[PDB]
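The block underneath contains the structure these notes are about, expressed in structure tokens.
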Amino acid sequence: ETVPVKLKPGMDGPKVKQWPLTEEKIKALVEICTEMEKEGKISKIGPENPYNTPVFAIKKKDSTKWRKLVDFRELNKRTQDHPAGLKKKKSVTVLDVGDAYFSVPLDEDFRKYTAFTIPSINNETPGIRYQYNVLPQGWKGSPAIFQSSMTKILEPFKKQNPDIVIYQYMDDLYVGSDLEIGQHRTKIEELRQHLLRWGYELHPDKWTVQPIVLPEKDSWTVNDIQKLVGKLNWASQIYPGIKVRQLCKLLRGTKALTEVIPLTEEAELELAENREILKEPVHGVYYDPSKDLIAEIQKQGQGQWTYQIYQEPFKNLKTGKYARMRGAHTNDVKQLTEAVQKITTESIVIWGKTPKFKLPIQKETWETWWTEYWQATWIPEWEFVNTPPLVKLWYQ
Amino acid sequence: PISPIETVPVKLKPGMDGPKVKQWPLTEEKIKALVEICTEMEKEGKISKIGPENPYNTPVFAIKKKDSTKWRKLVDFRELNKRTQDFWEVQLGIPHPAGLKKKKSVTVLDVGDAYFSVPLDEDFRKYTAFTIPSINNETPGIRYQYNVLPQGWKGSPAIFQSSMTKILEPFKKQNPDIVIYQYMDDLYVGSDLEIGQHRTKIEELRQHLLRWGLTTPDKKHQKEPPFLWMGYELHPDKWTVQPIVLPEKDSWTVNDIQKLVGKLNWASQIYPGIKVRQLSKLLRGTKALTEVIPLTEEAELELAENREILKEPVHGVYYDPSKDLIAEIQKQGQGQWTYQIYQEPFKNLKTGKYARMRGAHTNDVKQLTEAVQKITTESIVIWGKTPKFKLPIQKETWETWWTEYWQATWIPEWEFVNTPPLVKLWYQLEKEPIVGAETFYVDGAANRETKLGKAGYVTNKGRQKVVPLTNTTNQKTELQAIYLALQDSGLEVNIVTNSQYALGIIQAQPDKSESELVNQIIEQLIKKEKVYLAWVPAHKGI
DNA sequence: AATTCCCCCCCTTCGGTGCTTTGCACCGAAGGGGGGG
Ligand SMILES: Nc1ncnc2c1ncn2[C@H]1C[C@H](O)[C@@H](COP(=O)(O)CP(=O)(O)OP(=O)(O)O)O1
Ligand SMILES: [Mg+2]
Ligand SMILES: [Mg+2]
């Protein structure tokens, strides 16, 4: 069996340089690729193949085993082309089913697009090039060629247990039940066994939106009122109806920032009305499947990060916090990587699409250190923001 | 001979045809050298005579090798290169002697006539047609086509690098204890065996290479130290760069300055303290490469310092995987940094510098982080692992910066070393307004037609000023207004701006800017004892 | 006016992109050097 895969019209293919890797990662990649070539999953190629995608290795959580990962984002973009009850389940377990992927041969006209290069320590030898002969882990057309086989290893359980909702994204099966955990963790063992003969728990309901909140204090100084007016004017873009027209009248004339301004009755009324408006959810935003998701992350300090997922500016589909109380990993890069992975997982759970990330980090630091903490099998598209936010206290 | 290795299939780009470029006139000495080279190549089967059936041509020429007694025949395959299919290069970097481990026995081998020993794809040979012009015109030219990899073709290096890898794979698999560094046709071979057994293994490798049509002439077979390998001299315990010659010219041109900067950058890999910023600044603004550039006083002082560094004999050491990598960083001033990677004190594995200027405005902490990232990536390339850093920044300073910075930033395992100058932030912005300090409400306006603008402020005590500005923009007027606010205040000041450009720069704690308004504000911010800056939405009634 | 190719690096310049304070800041590609074959 072979599916005639094709690229998007007028698209060449991935040509991405291989980034340097550590000695442990290179040794793991060499061993994994030697085993894969011995099994025929990958084949050595020469330089006449002009395409290339980056490759590296990760160590999944509580695994102590190296896994080879390929950055197929460019190939996914160039390739020629949701369980809504999943967000409401209580326990969603993620299972790696990328191993069953390496048994379906890939179309020979498409193998050249899956080329990758293993580098060498100290450039002692030229990089070793391979291409995939089978469906690779990381490519978006790979789950689109196993759908048939998946919806047949699944049917004998997706019907015996009609309550459990199963979704598949890339190499991951998100299986979400409403059973007691001890039970959901036995069904999942049963599903594992039922995938063994045929060949990480999320809690989507304990997920909350972070609302826009105004400060509550006894006395309001000029600085406090100026900060409140700025926050309310910024929020007026998101929530139309925010007056902030009489709170901008207590700030009339030149006054010291530490001067206490008594809050007038009209000002207090308007403040209470604006608090009520901010408390109620924003109405009028709908997930458009044709558009792409954008996730913005803001560092808040003390291991706190805020994030907003939206498709149009100021129309937020989700707002949240990733609070990893800076403890042993006082690594900003580790916290940011862990936040990106969590946001991507909830985006796939809710909308089925990974978001494009606006990372609050220098590009070079990210490319240096993100592979050291990544533990997912997917990689989202990310762009790097090089401008202070200030609208960072408007989300925390 | 010619390798029995399989040829790499090569095709032209879709819809394109072979080159039809005429041969340019050639010097009679060059013509004779090319005639003799082509005669020997045709006798060996490396090139084949062709007739009218081939409509393609490509200019040929010759240069002088490092042998200075033999000629290197080159073909100007630029048209064919443009019409040739794309390749992926397998050479991802350059080996470094600092990444070499100590070996009891070392042998350097150079494969003779490397490219011309690897056959070329038969369907692609017709596109490699060239013509050797006759001495003094008159007779028609002898037309050949390449049967092997030509020098000048964009596919030759990668194809040769793959062929050499394939040839070396069996020997390396059957001798896993022998270390072979393969860079094109250059082969470094290190082993811990005795000299007799090592020479036996070297002879075995030479026989293995000769069976694949690759000769290893004794002329370029090095058996005794020092070994000339990849631009370095390798001794049993130490390595050094091959001698680096700095011009002693009294008149410098743009090209000469570029050459000197490149040579000093090359020498900075092992010679500590090499600085090039003053000399590199001479290249800005210039145009012609032949334009004589008068060396400034700062440039002359850096050149003298670099010369004083390069007269002493320095050497690197070989990597010891049992011990730990330590990279120590020092500030050189003016955004320049040196670093030394070593495993034992006073025995450097390698040396380097970082002087890249990223961003219009930055501080020493950001540049130190950039230098740490550069050293980390270089160490991952060379030794495959991140070193332990000795940074001239206090842990408190880094803690304050990275906790109070709006970007995610990190530095790997590092310890503070008390070697001045130390990396520190030169001012801090108050998190809350200062009680008892005059509050400045500042603003800057500029119509974008006449390029004239206003910078003004008023204080809570009644003072105000409205300086006018020429040829400034809105951004620049807001920066000017903040500058007035800083100038006309005491040691403690509250400033309220309605500009997020201004506040965005000033909040990143710059210590140096590629602007004199930001640089001037920086000196005012370092003098004040406490400064709170606040943004207020603009036209709102505030 | 001498004409080639591939690889790594540094340093400087320019045009494109993104945001929207329309100038300014930033990043990649391309030019010059160094080194390697
Ligand atoms: N300037 C240049 N232009 C194009 N290609 C160049 C090159 N310098 C080296 N190369 C490539 C081709 C050589 O085959 C190969 C080996 O580099 P080499 O300079 O040692 C000469 P090789 O042809 O092996 O023969 P021999 O002189 O040792 O007998 O490196
Ligand atoms: Mg040589
Ligand atoms: Mg040679």
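Residue numbers start from 1 in every chain, and the chains themselves are labelled A, B, ... in the order their sequence lines are given, proteins ahead of strands. All heavy atoms count here, side chains included; hydrogens, waters and symmetry mates do not.
Residue B:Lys73 is out of contact with every strand shown, counting any heavy-atom pair closer than 4.0 Å. Contacts of B:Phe61 with the nucleic acid, taken as non-hydrogen atoms under 4.0 Å apart, include base atoms. Note on B:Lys451: nothing from the nucleic acid sits closer than 4.0 angstrom, heavy atoms only. Using a 4.0 Å heavy-atom cutoff across all strands shown, B:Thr473 reaches sugar-phosphate atoms only and no base atom. Among the protein residues, B:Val241 comes within range of no part of the nucleic acid, since none of its heavy atoms lies under 4.0 Å from any strand. At a threshold of 4.0 angstrom between heavy atoms, the contacts of B:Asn81 are confined to the sugar-phosphate backbone, with no base atom among them.
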Task: Derivation and outcome, ring pair (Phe, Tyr, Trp, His ring centres under 6.0 Å), residues A:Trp382 and A:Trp366 - done: CA-CA 10 Å; A:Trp382 44 55; A:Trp366 186 256; 5.2 Å; yes

- [ ] Under the side chain to side chain donor-acceptor pair (under 3.5 Å) rule, what do B:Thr165 and B:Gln182 come out as? Steps first, then yes or no, please.
- [x] CA-CA 8 Å; B:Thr165 291; B:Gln182 170 208 331; 3.3 Å; yes

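In this structure, CD1 on B:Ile505 lies 5.0 Å from CG on B:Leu479, to the nearest 0.5 angstrom.
Residue A:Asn123 has no polar side-chain atom (N or O) positioned under 4.0 Å from OP1 or OP2 of C:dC7. For C:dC10, the OP1/OP2 oxygens have no side-chain nitrogen or oxygen of B:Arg277 closer than 4.0 Å. Checking the phosphate oxygens (OP1, OP2) of C:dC7, no side-chain nitrogen or oxygen of A:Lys17 falls inside 4.0 Å.
Within 6.0 Å of NZ in A:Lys15 there are more than 12 heavy atoms belonging to other residues, nucleotides or ligands. Counting heavy-atom neighbours within 6.0 Å of B:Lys166 NZ, excluding the residue itself, gives a total of 12 or less.
With a glycosidic angle more than 90° from 0, C:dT21 adopts the anti conformation.
South is the pucker assigned to the sugar of C:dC10, its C1'-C2'-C3'-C4' torsion being negative. A south sugar is assigned to C:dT20: the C1'-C2'-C3'-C4' torsion is negative, on the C2'-endo side. Its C1'-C2'-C3'-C4' torsion being negative, the sugar of C:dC19 is assigned to the south family.
A donor-acceptor pair shorter than 3.5 Å can be found between the side chains of B:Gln269 and B:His96.
Two rings, from A:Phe314 and A:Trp234, have their centers 6.0 Å or more apart.
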- [ ] Using a 4.0 Å heavy-atom cut-off, write out nucleotides 28-37 of chain C from 5' to 3' as B (base contacted by protein), S (sugar-phosphate only) or - (no contact).
- [x] S---SSSBBB

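Set against C:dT21, C:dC5, C:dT4, the side chain of B:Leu74 has C:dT4 as its closest nucleotide. Ranking C:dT22, C:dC24, C:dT13 by closeness to the B:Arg284 side chain, first place goes to C:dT13.
Taking atom NZ of residue B:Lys374 and atom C1' of nucleotide C:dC9, one finds them 7 Å apart after rounding to whole Å.
Comparing B:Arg448 and B:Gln151 against DNA chain C, the residue whose closest nucleotide sits nearer the 5' end is B:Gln151.
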